[PDB]
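Here's the structure we're looking at; comments come further down.
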Amino acid sequence: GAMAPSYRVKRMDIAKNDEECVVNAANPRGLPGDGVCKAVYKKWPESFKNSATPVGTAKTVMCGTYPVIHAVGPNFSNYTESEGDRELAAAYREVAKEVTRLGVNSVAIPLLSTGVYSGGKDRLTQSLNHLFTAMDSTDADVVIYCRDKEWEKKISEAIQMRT
Ligand SMILES: [Cl-]
Ligand SMILES: [Cl-]
Ligand SMILES: [Cl-]
(Lines give C-alpha, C1' and ligand atoms only; values in the text may rest on other atoms or scores of the structure.)
(Ligands and ions follow the chains in the order given, each with its own letter.)
Protein backbone atom coordinates (compact mmCIF):
# COMPACT_ATOMS: atom_id res chain seq x y z
CA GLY A 1 0.00 0.00 0.00
CA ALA A 2 0.94 3.72 -0.20
CA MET A 3 2.18 5.26 3.13
CA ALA A 4 -0.61 7.91 3.03
CA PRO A 5 -2.97 6.88 0.23
CA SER A 6 -4.00 9.97 -1.82
CA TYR A 7 -6.00 11.17 -4.80
CA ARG A 8 -4.38 13.50 -7.33
CA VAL A 9 -5.44 14.77 -10.77
CA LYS A 10 -3.17 15.53 -13.77
CA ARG A 11 -4.07 17.12 -17.14
CA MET A 12 -2.05 15.03 -19.55
CA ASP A 13 -2.01 11.84 -21.66
CA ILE A 14 -2.54 8.75 -19.38
CA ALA A 15 -0.12 6.90 -21.78
CA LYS A 16 2.69 9.04 -20.10
CA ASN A 17 1.57 8.19 -16.49
CA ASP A 18 4.05 7.81 -13.57
CA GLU A 19 2.02 5.07 -11.78
CA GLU A 20 2.58 1.30 -11.33
CA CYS A 21 -0.43 0.37 -13.53
CA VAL A 22 -2.99 2.00 -15.85
CA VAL A 23 -6.75 1.69 -16.27
CA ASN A 24 -7.84 1.71 -19.93
CA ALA A 25 -11.30 3.13 -20.79
CA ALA A 26 -11.79 0.04 -22.94
CA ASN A 27 -14.47 -1.13 -25.34
CA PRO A 28 -16.01 -4.58 -24.73
CA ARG A 29 -14.37 -6.09 -27.85
CA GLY A 30 -10.76 -5.30 -27.03
CA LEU A 31 -10.50 -3.07 -30.15
CA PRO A 32 -7.96 -0.22 -30.42
CA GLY A 33 -10.91 2.21 -30.26
CA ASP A 34 -10.43 6.01 -29.94
CA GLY A 35 -9.42 8.56 -27.23
CA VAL A 36 -7.85 7.06 -24.03
CA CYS A 37 -8.26 3.53 -25.55
CA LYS A 38 -6.30 4.41 -28.76
CA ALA A 39 -3.47 6.05 -26.68
CA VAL A 40 -3.36 2.91 -24.49
CA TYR A 41 -3.28 0.71 -27.64
CA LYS A 42 -0.33 2.69 -29.10
CA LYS A 43 1.61 2.56 -25.76
CA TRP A 44 0.77 -1.02 -24.60
CA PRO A 45 -0.52 -2.91 -27.67
CA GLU A 46 0.57 -6.28 -26.16
CA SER A 47 -2.07 -5.68 -23.41
CA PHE A 48 -4.89 -6.13 -25.98
CA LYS A 49 -4.33 -9.91 -26.27
CA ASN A 50 -7.69 -11.39 -25.06
CA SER A 51 -8.68 -8.08 -23.41
CA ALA A 52 -12.36 -8.32 -24.58
CA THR A 53 -14.69 -8.26 -21.51
CA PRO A 54 -18.35 -7.30 -20.92
CA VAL A 55 -19.70 -3.91 -19.91
CA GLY A 56 -19.36 -3.29 -16.16
CA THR A 57 -16.19 -5.45 -15.85
CA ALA A 58 -12.42 -5.08 -15.79
CA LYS A 59 -9.86 -7.46 -17.21
CA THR A 60 -6.12 -7.03 -16.61
CA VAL A 61 -3.52 -7.98 -19.27
CA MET A 62 0.22 -7.52 -18.68
CA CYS A 63 2.39 -5.53 -21.12
CA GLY A 64 5.75 -6.96 -19.99
CA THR A 65 5.30 -6.62 -16.21
CA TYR A 66 3.19 -3.41 -16.49
CA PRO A 67 -0.53 -4.14 -15.78
CA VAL A 68 -3.22 -2.66 -18.05
CA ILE A 69 -6.65 -2.94 -16.38
CA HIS A 70 -9.23 -2.81 -19.24
CA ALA A 71 -12.35 -1.32 -17.62
CA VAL A 72 -15.53 -1.26 -19.76
CA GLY A 73 -17.87 1.58 -18.87
CA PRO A 74 -21.35 1.67 -20.45
CA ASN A 75 -22.02 3.67 -23.64
CA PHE A 76 -24.90 5.96 -22.44
CA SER A 77 -26.02 6.14 -26.13
CA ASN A 78 -27.21 2.50 -25.67
CA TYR A 79 -28.07 2.22 -21.93
CA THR A 80 -30.88 3.94 -20.01
CA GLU A 81 -29.59 6.49 -17.43
CA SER A 82 -30.53 3.95 -14.68
CA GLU A 83 -28.83 0.87 -16.19
CA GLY A 84 -25.84 2.88 -17.38
CA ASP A 85 -25.38 4.33 -13.89
CA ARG A 86 -25.40 0.75 -12.44
CA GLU A 87 -22.86 -0.55 -15.01
CA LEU A 88 -20.57 2.53 -14.54
CA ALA A 89 -20.50 1.94 -10.75
CA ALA A 90 -19.83 -1.80 -11.37
CA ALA A 91 -16.87 -1.16 -13.76
CA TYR A 92 -15.18 0.93 -11.03
CA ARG A 93 -15.83 -1.75 -8.34
CA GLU A 94 -14.06 -4.29 -10.66
CA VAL A 95 -11.14 -1.83 -11.05
CA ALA A 96 -10.78 -1.65 -7.24
CA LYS A 97 -10.68 -5.49 -7.05
CA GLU A 98 -7.98 -5.64 -9.75
CA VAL A 99 -5.84 -2.83 -8.22
CA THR A 100 -6.07 -4.69 -4.87
CA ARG A 101 -5.24 -8.10 -6.41
CA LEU A 102 -2.19 -6.68 -8.27
CA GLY A 103 -0.72 -5.28 -4.99
CA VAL A 104 0.32 -2.01 -6.74
CA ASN A 105 0.98 1.13 -4.68
CA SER A 106 -0.35 3.49 -7.42
CA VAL A 107 -2.78 3.44 -10.39
CA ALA A 108 -3.45 5.91 -13.26
CA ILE A 109 -7.25 6.10 -13.96
CA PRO A 110 -9.37 8.02 -16.52
CA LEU A 111 -13.03 9.00 -15.82
CA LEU A 112 -15.01 6.14 -17.43
CA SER A 113 -17.92 6.96 -19.77
CA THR A 114 -17.16 10.76 -19.77
CA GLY A 115 -16.13 10.95 -23.49
CA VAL A 116 -17.52 9.16 -26.61
CA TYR A 117 -19.55 6.90 -24.19
CA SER A 118 -21.15 9.91 -22.30
CA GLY A 119 -24.20 9.99 -24.67
CA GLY A 120 -23.39 13.74 -25.14
CA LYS A 121 -23.76 14.58 -21.39
CA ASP A 122 -21.36 15.99 -18.78
CA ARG A 123 -20.76 13.02 -16.44
CA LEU A 124 -17.65 14.34 -14.56
CA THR A 125 -19.41 14.27 -11.14
CA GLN A 126 -21.29 10.98 -11.79
CA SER A 127 -18.16 9.16 -13.01
CA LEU A 128 -15.80 10.66 -10.34
CA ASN A 129 -18.22 9.82 -7.49
CA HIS A 130 -18.38 6.18 -8.66
CA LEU A 131 -14.55 6.17 -8.84
CA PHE A 132 -14.42 7.41 -5.22
CA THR A 133 -17.05 4.86 -4.05
CA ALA A 134 -14.90 2.04 -5.45
CA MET A 135 -11.36 3.30 -4.70
CA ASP A 136 -11.85 4.85 -1.22
CA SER A 137 -11.36 1.44 0.51
CA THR A 138 -8.12 0.76 -1.49
CA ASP A 139 -4.69 1.96 -0.26
CA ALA A 140 -3.17 2.68 -3.70
CA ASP A 141 -2.24 6.29 -4.62
CA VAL A 142 -4.85 7.14 -7.33
CA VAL A 143 -3.88 9.60 -10.07
CA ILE A 144 -6.83 10.68 -12.22
CA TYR A 145 -5.95 11.75 -15.80
CA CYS A 146 -7.99 14.26 -17.80
CA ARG A 147 -7.39 16.50 -20.85
CA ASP A 148 -9.65 19.57 -20.26
CA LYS A 149 -8.45 22.54 -18.11
CA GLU A 150 -11.98 23.12 -16.65
CA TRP A 151 -12.27 19.38 -15.81
CA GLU A 152 -8.84 19.47 -14.06
CA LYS A 153 -10.12 22.37 -11.85
CA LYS A 154 -13.45 20.57 -11.04
CA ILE A 155 -11.73 17.21 -10.31
CA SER A 156 -9.12 18.97 -8.10
CA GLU A 157 -11.88 20.83 -6.18
CA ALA A 158 -13.83 17.56 -5.60
CA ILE A 159 -10.65 15.87 -4.23
CA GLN A 160 -9.75 18.87 -1.96
CA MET A 161 -13.40 19.11 -0.67
CA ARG A 162 -12.95 15.71 1.14
CA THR A 163 -9.43 16.39 2.68
CL1 LIG B 1 0.45 15.17 -22.63
CL1 LIG C 1 -15.59 7.23 -22.83
CL1 LIG D 1 -11.22 15.65 -19.74
Side-chain angles (χ1 to χ4, degrees), residues 7-15 17 19 21-45 47-63 67-102 104 107-138 140 142-148 150-152 154-159 162:
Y7 288 107
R8 295 166 56 227
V9 57
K10 292 203 293 177
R11 188 184 78 101
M12 58 182 281
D13 186 356
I14 199 168
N17 76 76
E19 290 67 61
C21 68
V22 71
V23 174
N24 186 23
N27 58 73
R29 302 186 179 272
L31 293 161
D34 308 83
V36 163
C37 188
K38 174 53 59 155
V40 169
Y41 183 68
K42 288 189 172 147
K43 183 57 68 178
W44 304 284
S47 72
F48 287 71
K49 191 151 178 284
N50 292 309
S51 65
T53 196
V55 173
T57 77
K59 184 165 190 188
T60 301
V61 181
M62 306 310 301
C63 172
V68 176
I69 302 172
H70 299 272
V72 184
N75 179 2
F76 278 95
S77 296
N78 295 334
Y79 283 92
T80 65
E81 286 291 337
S82 177
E83 202 76 347
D85 184 70
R86 184 185 54 67
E87 289 298 3
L88 177 56
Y92 281 113
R93 291 187 300 274
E94 299 299 306
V95 167
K97 292 177 190 174
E98 285 296 280
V99 162
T100 299
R101 185 181 65 74
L102 288 163
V104 291
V107 54
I109 190 160
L111 294 185
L112 303 176
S113 298
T114 63
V116 299
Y117 280 11
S118 70
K121 287 181 188 172
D122 173 352
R123 300 185 183 275
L124 191 167
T125 298
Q126 170 179 29
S127 187
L128 181 61
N129 280 341
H130 284 322
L131 188 160
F132 287 151
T133 298
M135 299 306 296
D136 276 349
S137 67
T138 70
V142 169
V143 181
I144 300 166
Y145 287 74
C146 68
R147 296 312 291 270
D148 177 280
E150 298 307 307
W151 282 42
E152 181 187 14
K154 290 177 274 192
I155 300 162
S156 184
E157 291 158 350
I159 293 166
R162 339 171 71 211

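We number each residue from 1, following the sequence as shown. For the numbers below, each heavy atom of this structure counts, side chains included, while hydrogens, waters and symmetry mates do not.
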Qualifying salt bridge (charged side-chain N to carboxylate O under 4.0 Å, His left out) pairs, either residue in residues 108-122, two or more places apart: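 Listed once each, the pairs are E81-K121.
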
Hey, what do you get for [atom1] ([X]) to [atom2] ([Y]), rounding to the nearest 0.5 Å?
X	Y	atom1	atom2	answer
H130	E87	NE2	CD	11.0 Å
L124	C146	CG	SG	8.0 Å
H70	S51	NE2	OG	4.0 Å
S127	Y117	OG	OH	13.5 Å
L128	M135	CG	CE	12.0 Å
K59	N50	NZ	CG	5.5 Å

Distance-only, no hydrogens or angles: does the [X] side chain make a donor-acceptor pair with backbone N or O of [Y] under 3.5 Å?
X	Y	value
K43	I14	no
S47	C63	no
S156	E152	no
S118	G115	yes

Would you say [X] and [Y] make side-chain contact, with heavy atoms under 4.5 Å?
X	Y	result
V99	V142	no
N17	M12	no
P32	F48	no
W44	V61	no
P54	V72	no

Derivation and outcome, side-chain contact (heavy atoms from CB on, under 4.5 Å), residues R11 and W151: CA-CA 9 Å; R11 188 184 78 101; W151 282 42; over 6 Å; no

Residues forming a side chain to side chain contact (heavy atoms under 4.5 Å, CB included) with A91, sequence neighbours excluded: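 Partners of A91 by the side chain to side chain contact (heavy atoms under 4.5 Å, CB included) criterion, ordered by chain and then number, come out as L112.
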
side-chain contact (heavy atoms from CB on, under 4.5 Å) between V107 and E19, intermediate numbers included: CA-CA 5 Å; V107 54; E19 290 67 61; 5.5 Å; no

Can you name the nearest heavy-atom pair linking [X] to [Y], along with the distance?
X	Y	answer
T60	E98	OG1-OE1, 2.6 Å
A39	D13	CB-OD1, 3.7 Å
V23	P110	O-CD, 3.1 Å
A134	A96	O-CB, 3.4 Å
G84	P74	O-CG, 3.2 Å
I109	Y92	CD1-CE2, 3.8 Å

Qualifying side chain to side chain donor-acceptor pair (under 3.5 Å) pairs with a residue from residues 25-42, counting only residues at least two apart or across chains: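 As it turns out, there is no side chain to side chain donor-acceptor pair (under 3.5 Å) pair with a partner in residues 25-42 once direct neighbours are skipped.
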
Residue from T125, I144, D148 passing side chain to side chain contact (heavy atoms under 4.5 Å, CB included) with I155: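 Testing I155 for a side chain to side chain contact (heavy atoms under 4.5 Å, CB included) against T125, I144, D148 leaves exactly one candidate, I144.
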
Salt bridge (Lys or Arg N to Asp or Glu O under 4.0 Å) assessment of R86 paired with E83: CA-CA 5 Å; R86 184 185 54 67; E83 202 76 347; 2.5 Å; yes

Step-by-step side-chain contact (heavy atoms from CB on, under 4.5 Å) determination, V22 to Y145: CA-CA 10 Å; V22 71; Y145 287 74; over 6 Å; no

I159/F132 under side-chain contact (heavy atoms from CB on, under 4.5 Å): CA gap, chis, key distance, verdict: CA-CA 9 Å; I159 293 166; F132 287 151; 4.0 Å; yes

Test item: side-chain donor near acceptor, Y7 and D136, under 3.5 Å: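 Short answer, yes.
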
